[PDB]
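**Q** Can you read through this structure? Questions will come right after.
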Amino acid sequence: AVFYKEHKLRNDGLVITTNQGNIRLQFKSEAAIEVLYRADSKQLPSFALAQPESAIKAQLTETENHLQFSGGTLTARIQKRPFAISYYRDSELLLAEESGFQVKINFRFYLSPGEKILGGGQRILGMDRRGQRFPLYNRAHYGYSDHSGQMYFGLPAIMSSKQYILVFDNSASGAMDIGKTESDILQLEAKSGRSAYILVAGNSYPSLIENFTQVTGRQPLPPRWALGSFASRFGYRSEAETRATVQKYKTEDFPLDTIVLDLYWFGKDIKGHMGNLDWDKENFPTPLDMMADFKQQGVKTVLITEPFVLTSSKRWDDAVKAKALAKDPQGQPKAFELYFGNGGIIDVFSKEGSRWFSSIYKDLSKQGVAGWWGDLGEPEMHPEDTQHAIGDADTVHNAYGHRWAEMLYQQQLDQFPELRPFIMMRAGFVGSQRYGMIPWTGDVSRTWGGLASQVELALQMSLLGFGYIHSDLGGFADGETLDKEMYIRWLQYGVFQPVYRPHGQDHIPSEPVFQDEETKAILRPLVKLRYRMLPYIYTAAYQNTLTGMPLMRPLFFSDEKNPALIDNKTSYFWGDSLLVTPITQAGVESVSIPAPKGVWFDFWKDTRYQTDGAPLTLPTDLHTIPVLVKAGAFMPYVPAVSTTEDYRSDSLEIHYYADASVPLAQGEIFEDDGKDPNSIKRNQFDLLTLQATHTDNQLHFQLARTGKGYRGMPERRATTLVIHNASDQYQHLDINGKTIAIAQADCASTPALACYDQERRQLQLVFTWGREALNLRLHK
Ligand SMILES: O=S1(=O)N[C@@H]2[C@H](O)[C@@H](O)[C@H](O)[C@@H](CO)[C@@H]2O1
Ligand SMILES: O=C([O-])C(=O)[O-]
């Protein structure tokens with residue numbers, strides 16, 4: 001039984017008093033509101049908000065039974081008696097409190113009938129998590145396959161078919177009930193922590209995600225090398241083995257940007273060395289020479305690190321002396337049993353912990369380490385009586401990884417202000433993307449079910465802020481012999497998801513260079529394709545940094561008024577133009593692709609398909625996976641390089657997918673030096689735009705470049721433009737008003753500037769794209 005008593009306005013923030021206490025309402029933007037219950041009392045700070053202490057001017061109007069607090073898009077309607085807040089985008093009801101807040105911490109809201117609810121971060125439950133209840137407690141799920149209620153990286157957040165996102169801004173051991181217990185109730189619980197939620201509205205899924213990333217954090221553009229080929233396993237045992245792997249990528253002609261060193265870099269055994277955080281010199285005798293030798297070949301070194309310092313490690317005594325470890329209530333260092341041994345957890349919430357850990361990262365980065373892998377940040381084992389500077393284990397648990405990322409991100413920016421940190425981690429919180437967190441889906445089984453779950457996991461994490469969510473390609477856990485077909489399908493899918501990092505337990509090779517001739521002959525041209533496609537992928541990365549638009553988009557983005565599409569987890573968009581359907585079972589001979597209505601081309605074969613709603617049936621082969629290109633797409637390629645350190649766009653090849661059904665189409669290619677963290681803010685980039693205008697008698701391309709450029713930017717790019725499904729009735733090309741004849745023979749066999757291949761329905765234009773505007777006009 002709860003009721004309104006009065007309200008003030010203080011710094012654009014509404015402070016409401018009920019019978020039970022104070023509620024602080026602050027607009028973080030015009031479409032996002034923070035609702036802090038128990039506002040009177042000392043709580044943990046926000047973790048989800050990029051700017052916790054922000055509140056923009058809202059308007060307040062007062063009636064007899066209700067207040068109205070509006071930002072411009074988002075309206076909080078406060079019913080006085082009984083006390084209940086609901087949320088409106090204009091006059092459309094998004095979300096209404098039931099009993100709202102109670103006591104342990106509890107929040108209760110109504111679900112509308114037919115409302116579909118994405119969220120919870122990593123679960124394998126189905127895209128619509130409505131009818132599910134699960135804990136908010138980051139925890140390992142070793143060897144998962146086709147089902148999980150609880151994994152490495154949960155998020156206390158949901159996305160509704162009503163186009164809101166709700167964040168439970170609380171770090172503690174908790175739970176989410178998505179109308180499981182009570183078919184029309186959503187309930188958020190925690191054992192402790194902050195009594196706060198955040199509602200975000202949008203007019204569309206893309207503007208919802210832009211609004212969400214606006215207030216929770218935009219991922220800084222990663223270094224372009226994060227889009228490259230990683231050599232990884234658990235684990236290279238020696239410097240000799242690591243050098244032999246880099247050498248194997250060279251001799252097998254696979255692209256390689258980065259080699260990842262697992263826990264053998266700091267000890268000879270899995271158990272008992274964790275916390276050493278320094279080279280095992282018996283097995284890595286000349287690590288500085290090793291990293292420098294790799295850097296000469298354009299190869300970066302990434303080292304694993306973990307929160308745990310074992311009592312058996314060389315750094316136990318020094319960590320205890322520095323007060324770097326979390327304490328028991330008696331005030332000693334807390335020691336407990338991990339799989340790896342007996343040890344403590346570095347307290348990243350403490351000054352002493354942060355400074356001690358930071359110092360070690362700084363020392364190893366100076367030796368040549370380019371990037372960082374932070375594993376076990378759930379934290380994997382976190383006994384409930386462990387004490388951090390700001391709270392107990394159960395209170396801070398789901399933010400440990402978040403703060404570890406912040407600490408490491410701030411540290412890397414202070415050491416290398418002109419470089420973009422690479423931080424790969426297993427667990428974080430809402431907003432962790434603002435610290436450049438790159439998550440992976442942990443210890444997936446080497447099974448088809450493990451592969452078949454990855455699109456679901458990726459989309460659930462992408463939708464709520466994590467564009468660079470990826471899997472251990474080929475699978476991680478157990479198996480005794482390679483499942484070749486599964487491995488091949490997994491590394492094909494890998495080309496079309498965020499981070500190309502095969503990784504697995506080393507009794508079976510994870511790296512493609514160690515596979516049989518057939519496997520290499522399939523994957524080598526696809527790993528080259530990934531590099532040739534860097535202008536496509538890096539542009540999707542740029543859009544992610546700008547608007548939070550994830551690199552992987554769900555099928556349901558294609559039709560926002562068809563909620564039945566929300567359940568789809570077998571087909572997704574890789575950037576704007578590619579609809580990818582991974583093969584996630586053995587011997588699949590054909591697939592049914594629920595392609596949105598319109599025109600689509602086979603990415604591999606150029607075949608044109610039209611549909612008015614009916615799915616498309618494509619045959620499958622071992623050498624590819626089904627990929628359709630949207631009519632009106634501009635697909636940009638550069639020549640393949642071994643390493644992004646050698647990346648050049650001196651030579652562009654752009655494939656435009658023409659169809660009269662798309663009278664207007666736009667593309668963009670974002671180019672910068674691939675390394676400057678300030679390139680976007682300081683406009684030190686080359687943004688290429690392409691516009692196609694397709695009428696009955698003409699096809700007109702407008703090309704332009706904006707931005708201030710960057711050092712090494714080519715003034716003039718040799719451009720081959722390949723027009724797919726081109727009309728056979730084009731006679732004449734104008735380039736900037738100068739008329740050129742279109743050749744109709746020997747296109748592949750002359751230095752033709754415009755040539756039509758009648759057999760392939762491809763019109764090839766070869767020209768110079770310099771700094772000035774270029775118009776290409778084809779006419780019948
Ligand atoms: O519990 S594990 O076996 N799984 C953890 C990570 O998830 C793996 O990626 C990594 O290779 C392992 C070795 O450092 C870690 O130990
Ligand atoms: O697309 C066209 O305009 C054609 O086919 O001639």
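Convention: chains lettered A, B, ... in structure tokens order; per-chain residue numbering from 1; ligands numbered from 1 as shown.
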May I have the residues within 8 Å of ligand 1, computed using only C-alpha atoms and all ligand atoms, as a list in words?
**A**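 Using only C-alpha atoms and all ligand atoms, everything at most 8 Å from ligand 1 comes to residues 140, 142, 233, 234, 235, 262, 263, 270, 304, 339, 375, 376, 426, 442, 443, 472, 476, 477, 503, 504 and 505 of chain A.
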**Q** Those same residues, written as a PDB file, in the first residue's frame with N, CA, C and O atoms?
**A**
ATOM      1  N   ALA A 140      30.320 -19.052 -14.975  1.00  0.00           N
ATOM      2  CA  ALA A 140      30.742 -19.987 -16.039  1.00  0.00           C
ATOM      3  C   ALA A 140      29.622 -20.970 -16.393  1.00  0.00           C
ATOM      4  O   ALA A 140      28.851 -21.371 -15.512  1.00  0.00           O
ATOM      5  N   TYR A 142      30.639 -23.942 -18.546  1.00  0.00           N
ATOM      6  CA  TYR A 142      31.587 -24.763 -19.339  1.00  0.00           C
ATOM      7  C   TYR A 142      30.840 -25.773 -20.216  1.00  0.00           C
ATOM      8  O   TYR A 142      29.981 -26.495 -19.757  1.00  0.00           O
ATOM      9  N   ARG A 233      44.892 -20.530 -29.245  1.00  0.00           N
ATOM     10  CA  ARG A 233      44.548 -21.847 -28.693  1.00  0.00           C
ATOM     11  C   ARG A 233      44.729 -21.748 -27.173  1.00  0.00           C
ATOM     12  O   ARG A 233      45.264 -20.730 -26.660  1.00  0.00           O
ATOM     13  N   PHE A 234      44.257 -22.756 -26.475  1.00  0.00           N
ATOM     14  CA  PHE A 234      44.597 -22.981 -25.049  1.00  0.00           C
ATOM     15  C   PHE A 234      45.505 -24.186 -25.053  1.00  0.00           C
ATOM     16  O   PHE A 234      44.989 -25.290 -24.965  1.00  0.00           O
ATOM     17  N   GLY A 235      46.829 -24.006 -25.187  1.00  0.00           N
ATOM     18  CA  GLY A 235      47.552 -22.744 -25.243  1.00  0.00           C
ATOM     19  C   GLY A 235      48.929 -22.967 -25.861  1.00  0.00           C
ATOM     20  O   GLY A 235      49.418 -24.114 -25.776  1.00  0.00           O
ATOM     21  N   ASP A 262      47.883 -17.758 -24.074  1.00  0.00           N
ATOM     22  CA  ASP A 262      47.073 -18.284 -22.937  1.00  0.00           C
ATOM     23  C   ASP A 262      48.009 -18.518 -21.741  1.00  0.00           C
ATOM     24  O   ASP A 262      49.232 -18.142 -21.800  1.00  0.00           O
ATOM     25  N   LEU A 263      47.494 -19.145 -20.676  1.00  0.00           N
ATOM     26  CA  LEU A 263      48.110 -19.033 -19.323  1.00  0.00           C
ATOM     27  C   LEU A 263      49.501 -19.690 -19.252  1.00  0.00           C
ATOM     28  O   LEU A 263      50.205 -19.473 -18.238  1.00  0.00           O
ATOM     29  N   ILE A 270      48.783 -25.609 -15.885  1.00  0.00           N
ATOM     30  CA  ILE A 270      47.466 -24.915 -15.832  1.00  0.00           C
ATOM     31  C   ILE A 270      47.310 -24.368 -14.399  1.00  0.00           C
ATOM     32  O   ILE A 270      46.873 -23.224 -14.251  1.00  0.00           O
ATOM     33  N   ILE A 304      46.844 -13.224 -21.925  1.00  0.00           N
ATOM     34  CA  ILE A 304      45.761 -13.489 -20.937  1.00  0.00           C
ATOM     35  C   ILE A 304      46.227 -12.977 -19.559  1.00  0.00           C
ATOM     36  O   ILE A 304      47.438 -13.005 -19.218  1.00  0.00           O
ATOM     37  N   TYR A 339      39.497 -23.660  -9.645  1.00  0.00           N
ATOM     38  CA  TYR A 339      40.027 -24.778 -10.456  1.00  0.00           C
ATOM     39  C   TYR A 339      41.554 -24.670 -10.505  1.00  0.00           C
ATOM     40  O   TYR A 339      42.182 -25.721 -10.460  1.00  0.00           O
ATOM     41  N   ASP A 375      40.453 -12.704 -18.529  1.00  0.00           N
ATOM     42  CA  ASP A 375      39.563 -13.890 -18.398  1.00  0.00           C
ATOM     43  C   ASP A 375      39.058 -14.044 -16.929  1.00  0.00           C
ATOM     44  O   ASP A 375      39.688 -13.474 -16.028  1.00  0.00           O
ATOM     45  N   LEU A 376      37.966 -14.804 -16.722  1.00  0.00           N
ATOM     46  CA  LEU A 376      37.421 -15.247 -15.398  1.00  0.00           C
ATOM     47  C   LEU A 376      36.835 -14.072 -14.607  1.00  0.00           C
ATOM     48  O   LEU A 376      36.753 -14.226 -13.366  1.00  0.00           O
ATOM     49  N   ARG A 426      35.286 -11.607 -20.551  1.00  0.00           N
ATOM     50  CA  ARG A 426      34.276 -12.692 -20.493  1.00  0.00           C
ATOM     51  C   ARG A 426      33.012 -12.198 -19.806  1.00  0.00           C
ATOM     52  O   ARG A 426      31.955 -12.832 -19.996  1.00  0.00           O
ATOM     53  N   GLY A 442      32.539 -17.522 -24.221  1.00  0.00           N
ATOM     54  CA  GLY A 442      33.183 -18.502 -23.339  1.00  0.00           C
ATOM     55  C   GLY A 442      33.276 -19.899 -23.916  1.00  0.00           C
ATOM     56  O   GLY A 442      33.387 -20.040 -25.134  1.00  0.00           O
ATOM     57  N   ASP A 443      33.242 -20.906 -23.034  1.00  0.00           N
ATOM     58  CA  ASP A 443      33.772 -22.263 -23.277  1.00  0.00           C
ATOM     59  C   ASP A 443      32.710 -23.118 -23.985  1.00  0.00           C
ATOM     60  O   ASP A 443      32.322 -24.179 -23.471  1.00  0.00           O
ATOM     61  N   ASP A 472      34.466 -18.383 -29.806  1.00  0.00           N
ATOM     62  CA  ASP A 472      35.655 -19.211 -30.100  1.00  0.00           C
ATOM     63  C   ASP A 472      35.368 -19.986 -31.377  1.00  0.00           C
ATOM     64  O   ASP A 472      34.581 -21.006 -31.339  1.00  0.00           O
ATOM     65  N   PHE A 476      35.410 -24.642 -28.367  1.00  0.00           N
ATOM     66  CA  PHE A 476      36.444 -24.624 -27.308  1.00  0.00           C
ATOM     67  C   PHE A 476      36.566 -25.974 -26.585  1.00  0.00           C
ATOM     68  O   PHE A 476      37.708 -26.510 -26.508  1.00  0.00           O
ATOM     69  N   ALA A 477      35.436 -26.499 -26.073  1.00  0.00           N
ATOM     70  CA  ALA A 477      35.417 -27.468 -24.944  1.00  0.00           C
ATOM     71  C   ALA A 477      35.375 -28.914 -25.448  1.00  0.00           C
ATOM     72  O   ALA A 477      34.535 -29.223 -26.331  1.00  0.00           O
ATOM     73  N   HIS A 503      39.669 -20.485 -31.426  1.00  0.00           N
ATOM     74  CA  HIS A 503      40.282 -20.788 -30.098  1.00  0.00           C
ATOM     75  C   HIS A 503      39.665 -22.092 -29.558  1.00  0.00           C
ATOM     76  O   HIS A 503      38.444 -22.254 -29.683  1.00  0.00           O
ATOM     77  N   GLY A 504      40.482 -23.005 -29.046  1.00  0.00           N
ATOM     78  CA  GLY A 504      39.990 -24.243 -28.420  1.00  0.00           C
ATOM     79  C   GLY A 504      41.074 -24.903 -27.620  1.00  0.00           C
ATOM     80  O   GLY A 504      42.227 -24.490 -27.731  1.00  0.00           O
ATOM     81  N   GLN A 505      40.704 -25.868 -26.787  1.00  0.00           N
ATOM     82  CA  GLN A 505      41.673 -26.672 -26.010  1.00  0.00           C
ATOM     83  C   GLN A 505      42.590 -27.382 -27.005  1.00  0.00           C
ATOM     84  O   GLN A 505      42.078 -27.908 -27.976  1.00  0.00           O
TER      85      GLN A 505
END
**Q** So which residues of stretch 676-747 of chain A fall under strand (DSSP E or B) by DSSP, listed as a PyMOL selection string?
**A** chain A and resi 686-694+698-706+717-724+732-735+738-741+743
**Q** Pull N, CA and C atoms from the residues just selected and write them as a CSV table (one decimal), in the first residue's frame.
**A**
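Full text of part_11.csv as output:
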chain,number,residue,atom,x,y,z
A,686,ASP,N,38.6,10.1,-44.0
A,686,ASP,CA,38.2,10.2,-45.4
A,686,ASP,C,36.9,9.3,-45.5
A,687,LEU,N,35.8,10.0,-45.6
A,687,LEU,CA,34.4,9.4,-45.7
A,687,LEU,C,33.9,9.4,-47.1
A,688,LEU,N,34.0,8.3,-47.8
A,688,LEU,CA,33.6,8.2,-49.2
A,688,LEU,C,32.1,7.9,-49.2
A,689,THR,N,31.3,8.6,-50.0
A,689,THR,CA,29.9,8.3,-50.2
A,689,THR,C,29.6,8.0,-51.6
A,690,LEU,N,28.7,7.1,-51.8
A,690,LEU,CA,28.2,6.7,-53.2
A,690,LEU,C,26.7,6.8,-53.2
A,691,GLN,N,26.1,7.5,-54.1
A,691,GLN,CA,24.7,7.5,-54.3
A,691,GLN,C,24.4,7.0,-55.8
A,692,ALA,N,23.5,6.0,-55.9
A,692,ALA,CA,23.0,5.5,-57.2
A,692,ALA,C,21.5,6.0,-57.3
A,693,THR,N,21.2,6.6,-58.5
A,693,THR,CA,19.8,6.9,-59.0
A,693,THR,C,19.5,6.1,-60.2
A,694,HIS,N,18.5,5.2,-60.1
A,694,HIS,CA,18.2,4.2,-61.0
A,694,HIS,C,16.8,4.5,-61.6
A,698,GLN,N,18.2,5.6,-67.2
A,698,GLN,CA,19.5,6.1,-66.7
A,698,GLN,C,19.9,5.4,-65.4
A,699,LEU,N,21.2,5.3,-65.2
A,699,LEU,CA,21.8,4.9,-63.9
A,699,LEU,C,22.9,5.8,-63.6
A,700,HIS,N,22.8,6.7,-62.6
A,700,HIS,CA,23.6,7.8,-62.2
A,700,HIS,C,24.3,7.5,-60.9
A,701,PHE,N,25.6,7.5,-60.8
A,701,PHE,CA,26.4,7.4,-59.5
A,701,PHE,C,27.0,8.8,-59.2
A,702,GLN,N,26.8,9.2,-58.0
A,702,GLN,CA,27.4,10.4,-57.4
A,702,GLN,C,28.4,10.0,-56.3
A,703,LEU,N,29.7,10.2,-56.5
A,703,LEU,CA,30.8,9.9,-55.6
A,703,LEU,C,31.4,11.2,-55.0
A,704,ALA,N,31.7,11.2,-53.7
A,704,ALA,CA,32.1,12.3,-52.9
A,704,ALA,C,33.0,11.8,-51.7
A,705,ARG,N,33.8,12.7,-51.2
A,705,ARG,CA,34.7,12.4,-50.0
A,705,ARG,C,34.5,13.6,-49.1
A,706,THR,N,34.3,13.4,-47.8
A,706,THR,CA,34.3,14.4,-46.7
A,706,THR,C,35.3,14.0,-45.7
A,717,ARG,N,42.3,7.2,-55.7
A,717,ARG,CA,42.1,5.8,-55.7
A,717,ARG,C,41.7,5.2,-57.1
A,718,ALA,N,42.5,4.3,-57.5
A,718,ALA,CA,42.1,3.4,-58.7
A,718,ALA,C,40.9,2.6,-58.3
A,719,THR,N,39.8,2.9,-59.0
A,719,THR,CA,38.4,2.4,-58.6
A,719,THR,C,37.9,1.5,-59.8
A,720,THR,N,37.6,0.2,-59.5
A,720,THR,CA,36.8,-0.6,-60.4
A,720,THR,C,35.4,-0.7,-59.9
A,721,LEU,N,34.4,-0.2,-60.5
A,721,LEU,CA,33.0,-0.3,-60.1
A,721,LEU,C,32.3,-1.4,-61.0
A,722,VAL,N,31.8,-2.5,-60.3
A,722,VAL,CA,31.2,-3.6,-61.1
A,722,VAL,C,29.7,-3.6,-60.8
A,723,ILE,N,28.9,-3.3,-61.9
A,723,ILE,CA,27.5,-3.2,-61.7
A,723,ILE,C,26.8,-4.5,-62.1
A,724,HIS,N,26.3,-5.2,-61.1
A,724,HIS,CA,25.6,-6.5,-61.2
A,724,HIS,C,24.2,-6.2,-61.6
A,732,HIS,N,26.0,4.6,-73.5
A,732,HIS,CA,26.9,5.8,-73.2
A,732,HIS,C,27.1,5.9,-71.7
A,733,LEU,N,28.3,6.1,-71.2
A,733,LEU,CA,28.8,6.6,-69.9
A,733,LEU,C,29.3,8.1,-70.1
A,734,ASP,N,28.7,9.1,-69.3
A,734,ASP,CA,29.3,10.4,-69.0
A,734,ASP,C,30.1,10.2,-67.7
A,735,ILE,N,31.4,10.5,-67.6
A,735,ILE,CA,32.1,10.8,-66.4
A,735,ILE,C,32.4,12.3,-66.3
A,738,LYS,N,31.9,14.3,-69.7
A,738,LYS,CA,32.7,13.6,-70.8
A,738,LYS,C,32.2,12.2,-71.1
A,739,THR,N,31.7,12.1,-72.4
A,739,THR,CA,31.0,10.9,-72.9
A,739,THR,C,32.1,9.9,-73.3
A,740,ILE,N,31.9,8.6,-72.9
A,740,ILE,CA,32.8,7.4,-73.1
A,740,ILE,C,31.9,6.3,-73.7
A,741,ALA,N,32.4,5.6,-74.7
A,741,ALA,CA,31.6,4.4,-75.3
A,741,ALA,C,31.7,3.2,-74.3
A,743,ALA,N,32.2,-0.6,-74.3
A,743,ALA,CA,32.6,-1.8,-75.0
A,743,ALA,C,31.6,-3.0,-74.6
**Q** Return as a PyMOL selection string the residues of protein, DNA or RNA that approach ligand 2 to within 7 Å, with only C-alpha atoms and all ligand atoms taken into account.
**A** chain A and resi 659-660+696-697+726-729
**Q** Have a look at A:21, A:121, A:206, A:13 and name the one nearest to residue A:83; count only C-alpha atoms.
**A**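 That would be A:21, the residue with the smallest distance to residue A:83.
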**Q** Between atom CA of residue A:598 and atom CA of residue A:626, what is the distance in Å, rounded to a tenth?
**A**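 That distance, rounded to one decimal, is 17.2 Å.
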**Q** Leaving out residue A:3 and any residue of its chain fewer than 5 positions from it, which residues lie within 7 Å of it when counting only C-alpha atoms, given as a ChimeraX atom specification?
**A** /A:18-19,80-83
**Q** With only C-alpha atoms as the basis for distance, which of A:264, A:35, A:333, A:244 is at the shortest distance from residue A:69?
**A**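 Using only C-alpha atoms, the shortest distance to residue A:69 belongs to A:35.
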**Q** Tell me which protein, DNA and RNA residues are within 9 Å of residue A:223, counting only C-alpha atoms, leaving out same-chain ones fewer than 5 positions away, and put them as a VMD selection string.
**A** chain A and resid 419 to 422 674 to 677
**Q** Export, as a compact mmCIF listing (two decimals), in the first residue's frame, the selected residues with C-alpha atoms.
**A**
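Final file, part.txt:
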# COMPACT_ATOMS: atom_id res chain seq x y z
CA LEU A 419 46.52 4.09 -29.61
CA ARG A 420 43.12 2.33 -29.28
CA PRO A 421 43.04 -0.23 -26.46
CA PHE A 422 42.15 -3.84 -27.23
CA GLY A 674 43.16 2.52 -38.48
CA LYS A 675 44.85 3.42 -35.11
CA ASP A 676 44.10 7.02 -33.89
CA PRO A 677 41.52 6.95 -31.02
**Q** Using atom CA of residue A:766 and atom CA of residue A:753 as the two end points, give the distance in Å to one decimal.
**A**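 Taking atom CA of residue A:766 and atom CA of residue A:753, their separation equals 4.8 Å.
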**Q** To one decimal place, how far is atom CA of residue A:39 from atom CA of residue A:120 in Å?
**A**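 Value for the atom CA of residue A:39-atom CA of residue A:120 distance: 25.7 Å.
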**Q** Can you tell me which residues surround stretch 508-511 of chain A at a distance of at most 9 Å, considering only C-alpha atoms, apart from same-chain residues fewer than 4 positions away, and format the answer as a VMD selection string?
**A** chain A and resid 230 to 234 245 472 to 476 478 to 482 487 501 to 504 515
**Q** Any chance you could export the current selection's C-alpha atoms as a PDB file, in the first residue's frame?
**A**
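Printed below is again_5.pdb as written:
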ATOM      1  CA  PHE A 230      43.798 -14.150 -34.700  1.00  0.00           C
ATOM      2  CA  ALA A 231      45.997 -17.143 -33.979  1.00  0.00           C
ATOM      3  CA  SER A 232      44.730 -18.573 -30.619  1.00  0.00           C
ATOM      4  CA  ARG A 233      44.548 -21.847 -28.693  1.00  0.00           C
ATOM      5  CA  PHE A 234      44.597 -22.981 -25.049  1.00  0.00           C
ATOM      6  CA  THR A 245      52.511 -20.762 -35.298  1.00  0.00           C
ATOM      7  CA  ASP A 472      35.655 -19.211 -30.100  1.00  0.00           C
ATOM      8  CA  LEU A 473      35.565 -20.212 -33.790  1.00  0.00           C
ATOM      9  CA  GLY A 474      35.551 -24.055 -34.220  1.00  0.00           C
ATOM     10  CA  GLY A 475      34.422 -24.477 -30.555  1.00  0.00           C
ATOM     11  CA  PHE A 476      36.444 -24.624 -27.308  1.00  0.00           C
ATOM     12  CA  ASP A 478      36.361 -31.212 -24.943  1.00  0.00           C
ATOM     13  CA  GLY A 479      35.932 -33.436 -28.043  1.00  0.00           C
ATOM     14  CA  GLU A 480      38.660 -36.036 -28.820  1.00  0.00           C
ATOM     15  CA  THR A 481      38.946 -35.604 -32.655  1.00  0.00           C
ATOM     16  CA  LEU A 482      38.106 -32.659 -34.989  1.00  0.00           C
ATOM     17  CA  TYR A 487      34.785 -26.702 -37.810  1.00  0.00           C
ATOM     18  CA  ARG A 501      39.295 -15.648 -33.389  1.00  0.00           C
ATOM     19  CA  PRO A 502      39.360 -19.440 -33.608  1.00  0.00           C
ATOM     20  CA  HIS A 503      40.282 -20.788 -30.098  1.00  0.00           C
ATOM     21  CA  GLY A 504      39.990 -24.243 -28.420  1.00  0.00           C
ATOM     22  CA  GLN A 515      43.885 -28.237 -40.802  1.00  0.00           C
TER      23      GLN A 515
END
**Q** For residue A:48, which of A:632, A:331, A:465, A:220 is the closest residue, counting only C-alpha atoms?
**A**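 So, comparing all the options, the nearest one is A:465.
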**Q** Check stretch 436-634 of chain A with DSSP on the backbone and list each residue it calls alpha helix (DSSP H), as number ranges by chain.
**A** A: 448-452, 454-462, 484-495, 517-532, 534-547
**Q** Point out the residue among A:11, A:238, A:571, A:651 with the least atom-to-atom distance to residue A:625, counting only C-alpha atoms.
**A**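 For residue A:625, the nearest of the given residues is A:571.
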